[PDB]
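Colleague:
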Amino acid sequence: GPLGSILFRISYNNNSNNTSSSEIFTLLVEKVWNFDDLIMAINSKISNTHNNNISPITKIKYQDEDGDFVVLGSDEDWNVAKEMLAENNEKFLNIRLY
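Below, the structure written as structure tokens:
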């Protein structure tokens, strides 16, 4: 249930312009997941709403303690991400699509 999960936000952009209407999905990312299992959940989220099939995403940036978007393409990067919200007592996270 709500226990043992993290609110992940993905501002899926169309083409990034003056008009595209960005969509932010909210999925509960478990703590027993991995970097691959994470990027996989996001992919299904894009196909869950959009009937079409865009290019498979494999690069996303998460929000750190400063508020800047840091690259996340490694396994260790995911481990630290959990330790980040752990000490910060956080619960959610802002991610950007590229």
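Here the sequence shown is numbered in the deposited numbering, starting from 757 and rising by one per residue.
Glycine is no exception: its CB is placed at the ideal position from the N, C-alpha and C atoms.
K817 and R852 look like a contact to me (Cβ under 8 Å); what is the Cβ gap, rounded to whole Å?
Modeller: Confirmed, about 5 Å.
Colleague: Helix, strand or coil for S800, going by three-state DSSP, please let me know.
Modeller: Residue state, collapsed to three classes: helix.
Colleague: Are residue 855 and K847 touching if we call contact CB-CB under 7 Å?
Modeller: Since the first residue shown for the chain is 757 and the last is 854, residue 855 is missing from the structure and cannot be characterised.
Colleague: Would you report the Cα separation of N845 and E821, rounded to the nearest angstrom?
Modeller: About 11 Å.
Colleague: Ignoring anything shorter than 4 residues or poking outside the region 760 to 819, list the alpha helix (DSSP H) runs there in chain order.
Modeller: You should have 791 to 805.
Colleague: Identify which residue in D824, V785, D833, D792 has its Cα closest to the Cα of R765.
Modeller: The candidate whose alpha carbon is nearest that of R765 is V785.
Colleague: Below 8 Å CB to CB, which residues in the same chain sit around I795 once its five sequence neighbours on both sides are set aside?
Modeller: The residues are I813, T814, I816.
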